[PDB]
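S.K.: My questions will all concern the structure given below.
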Amino acid sequence: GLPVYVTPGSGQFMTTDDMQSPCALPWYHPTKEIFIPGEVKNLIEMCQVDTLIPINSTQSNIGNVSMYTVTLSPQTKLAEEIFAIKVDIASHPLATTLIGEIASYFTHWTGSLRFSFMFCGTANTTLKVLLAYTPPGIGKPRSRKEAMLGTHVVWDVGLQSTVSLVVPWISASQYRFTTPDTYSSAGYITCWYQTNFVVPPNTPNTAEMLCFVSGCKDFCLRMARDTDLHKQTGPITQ
Amino acid sequence: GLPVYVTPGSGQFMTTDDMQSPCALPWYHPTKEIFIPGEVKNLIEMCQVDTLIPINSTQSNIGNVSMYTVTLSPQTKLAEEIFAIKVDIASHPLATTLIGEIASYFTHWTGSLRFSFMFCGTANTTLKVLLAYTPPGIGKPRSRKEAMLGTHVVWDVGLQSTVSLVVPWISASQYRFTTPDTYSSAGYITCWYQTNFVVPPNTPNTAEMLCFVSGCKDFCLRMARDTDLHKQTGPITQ
Amino acid sequence: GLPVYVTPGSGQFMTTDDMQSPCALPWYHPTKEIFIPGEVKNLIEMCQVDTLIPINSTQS
Amino acid sequence: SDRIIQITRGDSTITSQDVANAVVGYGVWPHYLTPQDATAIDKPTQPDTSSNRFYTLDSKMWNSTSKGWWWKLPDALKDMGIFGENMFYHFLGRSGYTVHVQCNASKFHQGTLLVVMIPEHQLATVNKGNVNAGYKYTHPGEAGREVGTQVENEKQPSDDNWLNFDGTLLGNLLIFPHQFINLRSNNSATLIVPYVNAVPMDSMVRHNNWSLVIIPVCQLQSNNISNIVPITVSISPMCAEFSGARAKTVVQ
Amino acid sequence: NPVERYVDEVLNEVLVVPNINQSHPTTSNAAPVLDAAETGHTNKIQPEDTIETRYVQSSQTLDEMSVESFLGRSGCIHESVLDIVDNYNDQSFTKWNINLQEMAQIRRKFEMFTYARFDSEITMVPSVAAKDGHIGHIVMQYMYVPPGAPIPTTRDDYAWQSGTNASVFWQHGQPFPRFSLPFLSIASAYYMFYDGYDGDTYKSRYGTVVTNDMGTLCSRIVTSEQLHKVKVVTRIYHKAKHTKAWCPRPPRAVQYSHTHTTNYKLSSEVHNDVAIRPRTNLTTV
Amino acid sequence: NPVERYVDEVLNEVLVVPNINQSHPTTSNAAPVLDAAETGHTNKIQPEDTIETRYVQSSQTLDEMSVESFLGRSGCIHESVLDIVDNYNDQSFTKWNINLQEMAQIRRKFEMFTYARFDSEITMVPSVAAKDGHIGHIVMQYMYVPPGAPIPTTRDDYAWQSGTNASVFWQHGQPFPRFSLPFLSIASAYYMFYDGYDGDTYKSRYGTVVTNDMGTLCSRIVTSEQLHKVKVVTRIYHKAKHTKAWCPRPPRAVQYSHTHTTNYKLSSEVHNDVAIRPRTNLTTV
Amino acid sequence: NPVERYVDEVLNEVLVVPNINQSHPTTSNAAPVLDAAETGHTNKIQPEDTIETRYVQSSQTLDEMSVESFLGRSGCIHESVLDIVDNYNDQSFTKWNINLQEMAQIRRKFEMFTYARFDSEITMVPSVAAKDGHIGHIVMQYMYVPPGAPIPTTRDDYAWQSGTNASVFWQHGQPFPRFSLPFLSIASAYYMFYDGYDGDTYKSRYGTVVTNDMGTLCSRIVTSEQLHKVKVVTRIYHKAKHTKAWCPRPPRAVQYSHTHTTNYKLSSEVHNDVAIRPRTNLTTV
Amino acid sequence: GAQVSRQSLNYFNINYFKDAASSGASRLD
Amino acid sequence: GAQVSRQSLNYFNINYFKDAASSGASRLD
Amino acid sequence: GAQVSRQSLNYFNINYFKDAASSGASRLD
Amino acid sequence: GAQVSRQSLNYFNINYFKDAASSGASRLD
Amino acid sequence: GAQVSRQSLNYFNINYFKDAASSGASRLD
Ligand SMILES: *[C@](*)(=O)[C][C][C][C][C][C][C][C][C][C][C][C][C]
Ligand SMILES: *[C@](*)(=O)[C][C][C][C][C][C][C][C][C][C][C][C][C]
Ligand SMILES: *[C@](*)(=O)[C][C][C][C][C][C][C][C][C][C][C][C][C]
Ligand SMILES: *[C@](*)(=O)[C][C][C][C][C][C][C][C][C][C][C][C][C]
Ligand SMILES: *[C@](*)(=O)[C][C][C][C][C][C][C][C][C][C][C][C][C]
Ligand SMILES: CCCCCCCCCCCC(=O)O
Ligand SMILES: CCCCCCCCCCCC(=O)O
Ligand SMILES: CCCCCCCCCCCC(=O)O
Ligand SMILES: [Zn+2]
């Protein structure tokens with residue numbers, strides 16, 4: 001017979017191996033494939049779709065649709081802060097968004113993020129807001145002046161209800177860890193009143209805003225891992 | 001020697017594997033093959049042949065040739081029901097027919113069924129009968145009117161003794177389970193008097209009818225399995 | 001199957017062997033290589049550089 | 001103008017002067033079944049204009065406390081003219097749909113409805129073990145279901161809008177074909193969905209292919225609350241075809 | 001082209017079923033639905049002849065229904081037991097007159113044909129039960145003894161020398177033994193049924209016992225007597241390869257009772273002896 | 001060229017992400033940052049549209065994010081236990097109605113799609129615990145019983161003959177058993193979700209239990225009763241191969257409670273039921 | 001020519017050292033022996049410049065001195081111990097934060113460079129010590145848990161399902177497990193040294209701990225509790241493949257004390273802390 | 001024993017033993 | 001079953017079993 | 001994966017797995 | 001050691017060892 | 001490493017490892 005040398009690794013079962021194996025049902029012909037709309041070939045397709053950020057997920061709002069809305073109203077003090085969150089793709093409150101969930105199945109991420117905001121007040125309600133991205137190496141801005149020294153978009157509410165702020169990939173390393181890591185923390189996104197929320201008389205004095213997130217053309221995930229956003233604490237029975 | 005990697009599965013014995021093995025009798029020359037009439041190359045050849053359905057298999061008829069005949073006679077009420085059975089290839093009373101037995105060696109089936117009926121009364125006995133197939137999603141028809149809204153054949157008894165009713169493949173899925181499964185139940189076949197059984201004087205007032213079943217050009221079985229229509233409850237000895 | 005003869009040495013682990021082995025992370029694409037000054041390809045490069053001899057290494 | 005739309009189906013024409021474009025589910029326009037994908041062998045019946053027309057369902061009232069509404073297809077149209085008749089007389093059916101949700105208010109009102117079309121929306125029950133949603137509850141017909149009104153029963157489906165009535169988060173419903181009716185911008189939503197299933201045709205009586213879910217994500221608010229603001233849904237089957245004719249199935 | 005044919009093998013699309021063609025309404029004096037079963041032929045009517053069908057492209061294949069596939073699955077045909085109780089010399093070896101009649105599962109499949117010709121793949125699964133705790137080093141010998149060759153009468157019989165007979169030695173821990181056997185009959189095919197005798201007297205034998213003698217399989221634990229007793233059960237699995245079959249027949253409807261014979265037993269309630277489930281009446285589905 | 005394509009496979013550079021192009025200041029009446037989410041579409045704005053970017057050559061690939069990669073990892077789907085306590089005949093065999101619903105890890109991944117079609121690779125990891133000290137010679141039999149085939153009711157049931165069913169025999173000490181299974185559905189794809197019933201009455205079953213019946217896996221210790229008792233746990237691992245998936249959906253946000261159903265349980269403090277960590281307020285990062 | 005190059009590989013003659021040429025007496029105002037070390041350069045004087053040499057053909061090669069060769073030898077980086085003493089559930093599994101800093105032998109070699117990039121070959125050598133006599137059937141599971149993935153807290157934790165993580169199952173008696181790992185850094189090369197922090201405060205971490213997080217290796221005895229206790233020690237060996245290294249540095253002169261840091265300890269008699277052997281005086285060889 | 005086809009998609013139908021009984025399952029037709 | 005390419009850098013995409021389900025992970029696209 | 005050279009002295013530089021990390025020690029230069 | 005014939009039905013009569021005594025059963029004639 | 005000769009009687013003198021010390025007994029002369 002042909003002389004062979006059994007190499008280390010032989011006989012082991014590695015869950016990620018890619019070997020061939022005999023078919024238990026020889027001659028079996030599987031059912032004809034039919035056309036079904038909506039085929040997905042790569043998870044990136046799901047990362048490019050906007051999903052809502054549960055940005056107002058305070059303990060009292062969780063379990064309510066209100067955990068998805070930010071309330072705006074006429075201010076008495078100028079340049080007030082509206083909200084502030086970390087840009088880290090798998091940090092809270094970004095974690096449960098579709099992109100955050102998919103990112104949690106990977107160890108590394110890279111690319112730019114697209115954050116969108118839709119104003120839901122009346123057609124007669126006006127507002128100008130400043131959305132800013134603060135690159136790392138500094139704390140979150142304490143004021144609008146501090147925040148606007150960074151990347152930002154001044155949003156004027158009008159006929160078109162939605163605006164998009166892109167958080168560019170500004171990192172030392174080509175990739176960052178999806179899991180919270182000091183070295184790879186991506187920074188912050190803050191929102192401030194640029195002017196003010198203004199309404200005519202007989203119009204509601206508060207309005208909501210919805211927040212979305214998705215990945216830009218260069219978003220990419222790497223090193224598959226099991227998610228920490230879901231668990232099994234017991235047997236799943238019939 | 002050539003470095004090799006022993007893969008998972010090595011050393012196992014799978015009853016359906018397809019490997020080569022050394023011959024215990026080297027140099028042995030088998031007996032010359034002669035021509036023998038009746039060679040069978042595929043089980044489909046056996047599924048295309050009509051066999052009798054033990055349609056009248058009531059407890060008292062089992063063990064008698066009468067379990068294969070349906071009796072017809074002059075009716076006093078119009079549109080009476082003659083018989084009703086499920087179309088499921090491996091359900092009773094279709095189970096013990098040749099096609100039902102072969103189907104029981106497989107897990108899935110598809111295609112149209114051909115049901116034939118041969119009238120065995122005198123040459124002077126006349127009759128018109130309505131044979132109907134009721135697709136699933138509804139109960140078995142309670143009347144002739146209900147039954148004829150489905151697929152059907154009006155059989156006129158005459159010179160040619162036999163008629164055939166084809167149960168077309170009308171299913172959501174491409175295949176159905178041979179074993180009784182709610183989701184894959186194929187429907188029913190009922191027989192009703194269209195007119196009446198009529199005879200001249202001095203002629204027997206009842207007559208028999210034989211029922212056959214076979215598969216059409218598109219009948220097909222899949223996923224070989226052991227049959228549940230035969231068992232072994234003890235050792236088979238010499 | 002192809003008749004084979006398992007040779008002596010099979011199954012052993014020699015720290016200096018040179019075999020191939022399955023990758024635990026299939027499909028993974030490593031980080032792009034960038035230019036970094038000072039690449040060393042052979043230890044001889046380090047042996048050709050002068051270093052000081054602690055010639056007066058008396059205990060004191 | 002890009003704000004206007006006219007949709008003609010059979011003998012019905014619907015208009016809106018404030019639209020937000022239209023969504024074609026998964027980018028596939030509805031079409032009849034081809035011989036390559038077909039399995040049932042009988043010739044299908046295609047009612048055409050008598051079935052592929054707009055059917056308007058019962059209107060609902062949207063108020064400050066509304067939690068949402070949902071309808072299942074083809075169930076919602078089981079009683080709609082020729083389409084309804086065909087789905088009961090035949091074992092198999094197949095159809096696409098044009099869904100047009102309507103809701104007008106004023107330039108002094110605010111509110112936002114998330115309109116989603118979900119394929120295979122298998123509903124869950126909450127804290128009831130392995131007891132699943134009863135047939136009756138997932139087949140409400142044209143009345144649909146008003147979330148947070150139904151007095152609980154064992155077979156009563158989940159009414160948790162934030163968990164999509166199935167154990168997944170509301171914010172992620174956007175992965176399904178959807179639109180928003182944001183009162184400041186539009187007064188209607190239009191979604192055209194193709195037939196989606198793992199089989200070419202199916203029983204329209206026991207399998208609901210699509211579920212129309214409407215959740216007010218931004219509360220309806222105005223300074224003229226006495227004026228009722230309804231939500232009206234009009235659905236038009238597209239390329240409806242049926243197979244396996246027999247007597248009419250009577251449910252219950 | 002052997003490569004196109006190859007692809008068909010991998011995909012299992014060697015034997016395709018025909019399509020259903022679109023049909024139309026008809027009014028004719030040709031009635032395909034009418035025929036005469038008396039002729040002994042099956043009416044070849046198809047769905048297009050009785051209803052208005054649509055055109056459907058078939059993608060089903062009959063590959064799995066081939067005789068090679070049907071009989072080409074390895075099934076158990078014998079369970080050999082070597083139970084060391086109190087006498088190693090007597091209990092460490094045994095013999096079995098080879099046949100495919102003792103296990104109903106494979107017997108019934110082969111018996112759906114009158115004659116069959118095939119090569120055989122035999123795989124053995126030995127399992128050593130440690131009755132006292134340890135198994136030691138178990139080495140087994142399986143010798144194929146053709147009719148006429150001397151059958152060993154003791155565990156040290158000279159016949160075990162296997163100077164000519166084929167013997168397979170298996171060592172515990174090593175993979176399951178397996179070998180192939182060419183078509184062994186002196187005839188052109190094996191008789192699954194035989195309406196004949198080995199003579200013409202009242203005491204002549206009837207049936208396949210007359211024609212189907214395949215010899216004896218003699219087994220022995222090669223290892224000498226050990227302190228701890230073991231029970232070695234060797235299950236023999238058989239698979240038919242390169243199969244041809246002739247003259248199909250009705251499947252066995254009742255339980256088998258003996259080898260090489262169609263004999264059966266019937267109870268007072270025959271419905272319990274067959275798979276037929278009694279119907280309430282003709283109209284109860 | 002299949003060789004250039006080959007190199008891309010080895011390097012994992014089949015799907016490359018686009019580069020970032022250099023952009024400049026703009027003053028225009030075209031405002032790409034403004035749009036209308038009401039349309040149901042995602043604004044396709046890129047970094048070059050909102051800031052002045054530099055040119056950067058991308059070297060990232062999406063190969064690992066493919067559906068084949070995502071679902072192509074072997075995960076545990078079942079842990080079969082054969083614990084010999086006091087009755088070998090009753091405790092030496094078992095059965096399991098096959099499904100991918102009992103282990104949350106792989107179930108959640110497959111459920112991110114509505115329909116999926118794939119071949120399956122099954123690898124088994126048996127571990128024999130010597131409860132009394134010795135294990136003897138353990139030989140296992142794993143039989144795949146398709147719906148309808150007879151299920152063994154005893155360790156010596158005739159069904160174990162496996163005359164037609166596929167059985168895998170494993171011998172302790174030999175490598176882990178493994179085999180592939182073709183796409184088994186009667187439909188064109190497996191239903192991950194099914195908003196349907198098996199009938200139209202109040203007692204009709206709802207969900208995937210109606211459509212996803214894959215049969216039963218029957219296991220048995222082939223070795224006869226041994227002096228020393230053992231506990232054999234066989235873990236079944238499943239990997240999807242040649243995968244296609246349709247209609248993506250939101251990931252399971254709460255714990256699973258039962259197989260074939262989306263049912264869940266909620267506590268009085270719902271924030272404990274989801275992965276969402278409560279924020280102190282809107283401005284606390 | 002790849003075949004000539006091939007022969008050089010087999011003979012290990014890819015990198016040849018130059019010959020020594022014959023030289024002659026000289027009287028010149030060019031003095032190659034004189035130079036200025038202040039420049040930071042090494043005087044490139046050769047033997048032919050200082051003495052009268054003969055011609056000698058060199059046959060020495062530098063192949064073995066290549067970085068691939070130097071770092072391409074498998075060395076132990078960790079010794080994992082699973083000692084079953086009195087609680088199987090608690091003592092049958094463990095975890096290790098992966099690093100190449102715990103064993104001085106390979107650590108010192110890699111640290112002769114500032115940055116290094118390579119793929120890794122991991123070979124594991126498990127040895128089962130029978131503390132009570134028998135070992136039974138030992139099956140091990142080694143799961144690679146990337147940073148962020150859930151770490152198992154019990155031997156039956158759902159994380160062991162390995163639905164996505166790579167797990168290697170080894171069965172006692174089978175050859176030593178082995179697998180390769182691609183270059184895992186988020187950077188272009190691994191930092192052997194890092195003069196940086198993960199922040200700018202007094203409590204910020206310093207060194208390679210900030211940049212070199214490779215996850216955790218979680219091990220577990222898959223086999224359920226057995227009567228006899230065992231002590232399983234798994235030694236992990238690492239070999240660098242396809243290596244590149246940058247910026248060479250002085251070798252570690254004192255003993256290592258901790259991972260990820262250059263910290264060291266000095267005694268009162270420093271000559272005992274370094275390999276320098278004290279000289280009696282300048283003229284005592 | 002090797003039946004080498006070409007189409008490139010080369011097929012190798014190898015017969016490892018010298019007796020016909022030794023080969024695997026037969027082709028069809 | 002062998003898909004032999006040439007470029008020399010020859011590629012051998014061998015399929016050891018006769019059923020499609022038996023082959024390893026699929027290529028992409 | 002096979003780099004076949006010819007000189008006859010044919011060289012077969014086979015790569016048994018589909019990931020670059022899997023190959024043995026690198027050539028030099 | 002390989003006697004390669006062609007007919008395509010290629011025959012490979014491989015001799016794995018370097019001594020004649022090592023080869024299997026002889027051909028006939 | 002393969003020295004392929006032809007005469008057809010093809011000879012394959014394969015060297016499985018990359019070091020000369022690894023090869024078997026030397027030819028003569
Ligand atoms: C056929 O009758 C002989 C079977 C020979 C078995 C060995 C097959 C492997 C051949 C490898 C040769 C490589 C060609 C260079
Ligand atoms: C493909 O369908 C058949 C797979 C055959 C498996 C054997 C592969 C090794 C071939 C070696 C031949 C050497 C050529 C001379
Ligand atoms: C390379 O990418 C594929 C590696 C294939 C491994 C199999 C190598 C043996 C090939 C034998 C073929 C014989 C030619 C006839
Ligand atoms: C004969 O004297 C030498 C025997 C060599 C044994 C190795 C046989 C396998 C050859 C595979 C080569 C594939 C060709 C590309
Ligand atoms: C020589 O330096 C490389 C040795 C490669 C060892 C593998 C030998 C088997 C080659 C089979 C190839 C089949 C050709 C198609
Ligand atoms: C030695 C193992 C058993 C070999 C069996 C092959 C012989 C098949 C002949 C079948 C004839 C019969 O059983 O009546
Ligand atoms: C016999 C080992 C298990 C084989 C599993 C393959 C079947 C996959 C079908 C998944 C359907 C479901 O779980 O709902
Ligand atoms: C899972 C087995 C161990 C894998 C080790 C490969 C990682 C090498 C990175 C070295 C970084 C360091 O130790 O500082
Ligand atoms: Zn012992």
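As shown in the structure tokens, the chain order sets the letters A, B, ...; within each chain, residues go from 1, and ligands are also counted from 1 in the order they appear.
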Excluding same-chain residues fewer than 6 positions from stretch 15-32 of chain C, what lies within 6 Å of it counting only C-alpha atoms, as JSON, numbers by chain?
M.R.: {"A": [16], "F": [12, 63, 64], "G": [73, 74, 179, 180, 181, 183, 188], "J": [22, 23, 24]}
S.K.: Could I get the residue neighbourhood of ligand 5 at 8 Å, counting only C-alpha atoms and all ligand atoms, as a PyMOL selection string?
M.R.: (chain B and resi 2-3) or (chain G and resi 6) or (chain I and resi 12) or (chain J and resi 2+10-14) or (chain L and resi 1-2+14-18)
S.K.: Check the DSSP output for the backbone and give back, as a list in words, the residues of chain L in strand (DSSP E or B).
M.R.: residues 2, 3, 4, 5, 9, 10, 11, 12, 13 and 14 of chain L
S.K.: Could I get the residue neighbourhood of ligand 6 at 7 Å, counting only C-alpha atoms and all ligand atoms, as a compact mmCIF listing (two decimals) with N, CA, C and O atoms, in the first residue's frame?
M.R.:
```txt
# COMPACT_ATOMS: atom_id res chain seq x y z
N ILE E 98 -25.19 -20.32 6.34
CA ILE E 98 -25.54 -19.04 5.74
C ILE E 98 -26.81 -18.99 4.90
O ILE E 98 -27.06 -19.87 4.08
N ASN E 99 -27.61 -17.95 5.12
CA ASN E 99 -28.87 -17.73 4.39
C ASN E 99 -29.37 -16.30 4.63
O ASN E 99 -28.93 -15.64 5.57
N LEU E 100 -30.29 -15.84 3.79
CA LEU E 100 -30.88 -14.50 3.90
C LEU E 100 -32.35 -14.63 4.28
O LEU E 100 -33.17 -13.75 3.99
N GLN E 101 -32.68 -15.73 4.95
CA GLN E 101 -34.05 -16.05 5.36
C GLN E 101 -34.43 -15.84 6.82
O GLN E 101 -35.61 -15.94 7.17
N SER E 120 -22.19 -9.80 -3.14
CA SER E 120 -22.52 -9.47 -1.77
C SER E 120 -21.42 -8.78 -0.99
O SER E 120 -20.25 -9.13 -1.10
N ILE E 122 -20.31 -8.05 2.77
CA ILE E 122 -20.57 -8.47 4.14
C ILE E 122 -19.74 -7.59 5.08
O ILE E 122 -18.53 -7.44 4.89
N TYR E 144 -14.96 -18.83 6.15
CA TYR E 144 -16.02 -19.17 5.21
C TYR E 144 -15.73 -20.59 4.74
O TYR E 144 -14.71 -20.84 4.09
N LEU E 181 -18.20 -10.80 -1.79
CA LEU E 181 -18.37 -12.18 -2.28
C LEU E 181 -19.00 -12.16 -3.67
O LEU E 181 -20.08 -11.59 -3.87
N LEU E 184 -22.38 -16.39 -6.05
CA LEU E 184 -21.93 -17.76 -5.68
C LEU E 184 -22.74 -18.95 -6.27
O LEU E 184 -22.31 -20.11 -6.18
N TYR E 190 -30.00 -16.58 -8.29
CA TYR E 190 -30.44 -17.20 -7.05
C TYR E 190 -31.95 -17.38 -7.15
O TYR E 190 -32.64 -16.52 -7.71
N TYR E 191 -32.45 -18.49 -6.63
CA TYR E 191 -33.89 -18.74 -6.61
C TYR E 191 -34.44 -18.12 -5.34
O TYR E 191 -33.98 -18.46 -4.25
N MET E 192 -35.37 -17.19 -5.45
CA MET E 192 -35.99 -16.61 -4.25
C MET E 192 -37.13 -17.55 -3.89
O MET E 192 -37.54 -17.66 -2.74
N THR E 208 -36.58 -23.74 -1.73
CA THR E 208 -35.23 -23.21 -1.89
C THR E 208 -34.13 -23.89 -1.09
O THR E 208 -32.95 -23.63 -1.34
N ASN E 212 -30.51 -23.47 -2.65
CA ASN E 212 -29.71 -22.42 -2.02
C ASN E 212 -28.74 -22.78 -0.89
O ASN E 212 -28.86 -22.24 0.20
N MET E 214 -25.28 -22.20 0.55
CA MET E 214 -24.13 -21.30 0.44
C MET E 214 -22.99 -21.62 1.41
O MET E 214 -22.07 -20.82 1.57
N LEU E 217 -20.52 -20.48 7.95
CA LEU E 217 -19.62 -19.47 8.49
C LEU E 217 -19.23 -19.98 9.88
O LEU E 217 -20.09 -20.14 10.75
N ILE E 236 -23.91 -9.80 11.51
CA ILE E 236 -23.52 -9.85 10.11
C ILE E 236 -24.49 -9.01 9.29
O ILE E 236 -25.70 -9.22 9.34
N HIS E 238 -25.52 -7.57 5.42
CA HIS E 238 -25.40 -7.91 4.01
C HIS E 238 -25.97 -6.84 3.11
O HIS E 238 -27.05 -6.31 3.37
N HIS E 260 -36.48 -20.86 4.25
CA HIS E 260 -36.67 -21.61 3.00
C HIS E 260 -38.07 -22.10 2.67
O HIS E 260 -38.24 -22.93 1.77
```
S.K.: Using only C-alpha atoms and a cut-off of 12 Å, which residues of chain E sit close to chain K? Please list them as a PyMOL selection string.
M.R.: chain E and resi 1-3
S.K.: For a test of reading the model, state the distance in Å between atom CA of residue B:222 and atom CA of residue E:56, rounded to one decimal.
M.R.: 19.4 Å
S.K.: Would you kindly report the residues of chain D within 8 Å of chain F, using only C-alpha atoms, as a ChimeraX atom specification?
M.R.: /D:20-23,119-130,132-136,163,166-169,172-182,186,198-199,205-209,251-252
S.K.: Could you tell me which residues of chain C sit within 12 Å of chain K when counting only C-alpha atoms, and give me the result as a PDB file with C-alpha atoms, in the first residue's frame?
M.R.:
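Wrote result03.pdb, looks like this:
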```pdb
ATOM      1  CA  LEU C   2      -6.628   3.026  -1.644  1.00  0.00           C
ATOM      2  CA  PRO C   3      -4.477   0.514   0.242  1.00  0.00           C
ATOM      3  CA  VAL C   4      -2.123   2.370   2.595  1.00  0.00           C
ATOM      4  CA  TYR C   5       0.782   1.434   4.862  1.00  0.00           C
TER       5      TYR C   5
END
```
S.K.: Work out how far atom CA of residue F:22 is from atom CA of residue A:112, in Å to one decimal.
M.R.: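 About the pair atom CA of residue A:112 and atom CA of residue F:22: they are 15.0 Å apart.
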S.K.: Compile the residues of chain B that lie within 9 Å of chain C, evaluated using only C-alpha atoms, and express the compilation as a PDB file with N, CA and C atoms, in the first residue's frame.
M.R.:
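Here's the written file result-v4.pdb:
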```pdb
ATOM      1  N   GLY B   1       6.471   8.915   4.112  1.00  0.00           N
ATOM      2  CA  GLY B   1       5.152   8.569   3.544  1.00  0.00           C
ATOM      3  C   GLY B   1       4.369   9.841   3.304  1.00  0.00           C
ATOM      4  N   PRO B   3       1.846  12.610   3.918  1.00  0.00           N
ATOM      5  CA  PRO B   3       1.168  13.048   5.139  1.00  0.00           C
ATOM      6  C   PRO B   3      -0.345  13.025   4.917  1.00  0.00           C
ATOM      7  N   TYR B   5      -4.469  13.261   6.829  1.00  0.00           N
ATOM      8  CA  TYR B   5      -5.281  13.787   7.917  1.00  0.00           C
ATOM      9  C   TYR B   5      -6.536  12.925   8.009  1.00  0.00           C
ATOM     10  N   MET B  19     -18.681   1.948  -0.472  1.00  0.00           N
ATOM     11  CA  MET B  19     -17.241   1.745  -0.527  1.00  0.00           C
ATOM     12  C   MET B  19     -16.897   0.434  -1.223  1.00  0.00           C
ATOM     13  N   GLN B  20     -15.622   0.284  -1.553  1.00  0.00           N
ATOM     14  CA  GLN B  20     -15.128  -0.927  -2.185  1.00  0.00           C
ATOM     15  C   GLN B  20     -14.523  -1.774  -1.071  1.00  0.00           C
ATOM     16  N   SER B  21     -14.422  -3.077  -1.295  1.00  0.00           N
ATOM     17  CA  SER B  21     -13.850  -3.969  -0.295  1.00  0.00           C
ATOM     18  C   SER B  21     -13.223  -5.167  -0.991  1.00  0.00           C
TER      19      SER B  21
END
```
S.K.: Compute the chain E side of the contact with chain A at 12 Å, counting only C-alpha atoms, and hand it back as number ranges by chain.
M.R.: E: 8-16, 57-70, 72-74
S.K.: What gap, in Å, lies between atom CA of residue A:132 and atom CA of residue A:114?
M.R.: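 Going from atom CA of residue A:132 over to atom CA of residue A:114, I get 12.5 Å.
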S.K.: Please write out the residues within 10 Å of ligand 9 as a list in words, counting only C-alpha atoms and all ligand atoms.
M.R.: residues 133, 134, 135 and 136 of chain E; 133, 134, 135 and 136 of chain F; 133, 134, 135 and 136 of chain G
S.K.: Just C-alpha atoms for this one: save the residues we selected as an mmCIF file, in the first residue's frame.
M.R.:
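Output file result_9.cif follows:
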```
data_model
loop_
_atom_site.group_PDB
_atom_site.id
_atom_site.type_symbol
_atom_site.label_atom_id
_atom_site.label_comp_id
_atom_site.auth_asym_id
_atom_site.auth_seq_id
_atom_site.Cartn_x
_atom_site.Cartn_y
_atom_site.Cartn_z
ATOM 1 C CA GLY E 133 -15.044 -6.673 34.080
ATOM 2 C CA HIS E 134 -12.097 -6.946 31.676
ATOM 3 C CA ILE E 135 -12.028 -8.017 28.017
ATOM 4 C CA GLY E 136 -8.290 -8.578 27.593
ATOM 5 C CA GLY F 133 -14.701 1.619 36.794
ATOM 6 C CA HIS F 134 -14.469 -0.233 33.470
ATOM 7 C CA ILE F 135 -16.150 0.531 30.134
ATOM 8 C CA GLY F 136 -15.545 -2.774 28.351
ATOM 9 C CA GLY G 133 -6.368 3.513 38.672
ATOM 10 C CA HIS G 134 -8.655 3.731 35.628
ATOM 11 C CA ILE G 135 -9.141 6.585 33.147
ATOM 12 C CA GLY G 136 -12.353 5.425 31.471
#
```
S.K.: Using DSSP assignments from the backbone, pull out every residue in chain C that falls under alpha helix (DSSP H) and give it to me as a ChimeraX atom specification.
M.R.: /C:44-47
